[PDB]
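To begin, one chain is listed below as structure tokens, in the form deposited in one PDB entry.
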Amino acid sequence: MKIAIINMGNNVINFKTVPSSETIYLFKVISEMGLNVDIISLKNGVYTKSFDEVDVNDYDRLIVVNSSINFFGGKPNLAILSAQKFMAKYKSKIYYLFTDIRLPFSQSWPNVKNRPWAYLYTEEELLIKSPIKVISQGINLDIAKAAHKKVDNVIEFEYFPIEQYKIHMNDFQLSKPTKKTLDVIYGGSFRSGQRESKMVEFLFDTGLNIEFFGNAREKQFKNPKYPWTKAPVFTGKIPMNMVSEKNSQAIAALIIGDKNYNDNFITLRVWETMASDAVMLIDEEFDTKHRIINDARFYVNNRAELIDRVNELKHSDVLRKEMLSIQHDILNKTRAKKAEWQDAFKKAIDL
């Protein structure tokens, strides 16, 4: 049983980039459950083998981390093209890890054939014909199926909480008490404005000391539907393996998601935040049944409640430590189910 895992549209080298980090984390967690796996990328490296130096069909299972397939600028993006060429040569079922609703599996050919550099490729070379099984991070498979209604060879769908890999790593460790320098913090990208309403609601015009770290920038928030006056402080992006440490700088950290994530996806940030020294405050709409933590104090319905809850935490260190103890306890309860999670992953990839 030999497994190959690849990222469909981003180069993989180390933890200096997010897509690379995620692919390496998956490689590691799969390896930690006793499976033989190789990461195949553009070139050889610490964690990778090159597409040009291995036969994709020497592997019994091909796992693909979702990615965008859009082309921008000049030169052809080999990260996308070489990955799809590799996939097109595989003669068995492909397991597509669908962790981001905006990144459903799609054929690159249609987006290539009209490019000025289209002559460098052929349809037969890029057209992926193997059957594809989508492993959905969201429990709602209808949302996952709708996202792939445009691809005929995607014939199977199964839900699996992929994102829990963060808490199941052998070297996992909870963040320790940290000196606070922020009231609220949130790390992420602008996500093409797919979450602008929630970002403005909970992070803007709060009167609190809020930091928004990641690829997002103040100048991106200009939708007339969600006006604001005072924005949070935007700082640069940081390595994925430093996120919980970063969240720990704040008293509380925000949990929001895209509309289609509500009561559907449990994202990586839920675990990165739960494991941090920051109290997790969740948008009521994201988890209406309070399935993450059965304690209403961790949920906020709007800007007003977020402000109230944050001030309550600032005023009472005991309340803050009490809630942190609760979220760390619930986190450990899920970590205690690692065996079940591993077996479910194996089942998802037909092992």
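Numbering starts at 1 and runs along the sequence shown. Just so we're on the same page, rigid core means the largest C-alpha set that superposes within 1.5 Å between forms.
Below: the form deposited in another entry, not depicted.
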Exercise. Looking at 95, 160, 204, 165, which has a Cα shift of 2 angstroms or more between this form and the one not shown when the rigid core is held fixed?
Worked result: 204
Exercise. Is the C-alpha displacement of residue 313 equal to or greater than 2 Å between this form and the one not shown once the rigid core has been superposed?
Worked result: yes
For this session: Align both forms on the core first, then report whether residue 131 has a C-alpha shift of 2 Å or more between this form and the one not shown.
Result: no
Exercise. Does residue 181 move its CA by 2 angstroms or more between this form and the one not shown when the core is aligned?
Worked result: yes
Exercise. Once you compare with this form, do the C-alpha atoms of residue 191 and residue 100 lie closer or farther in that other deposited form, given a change of 3 Å or more?
Worked result: farther
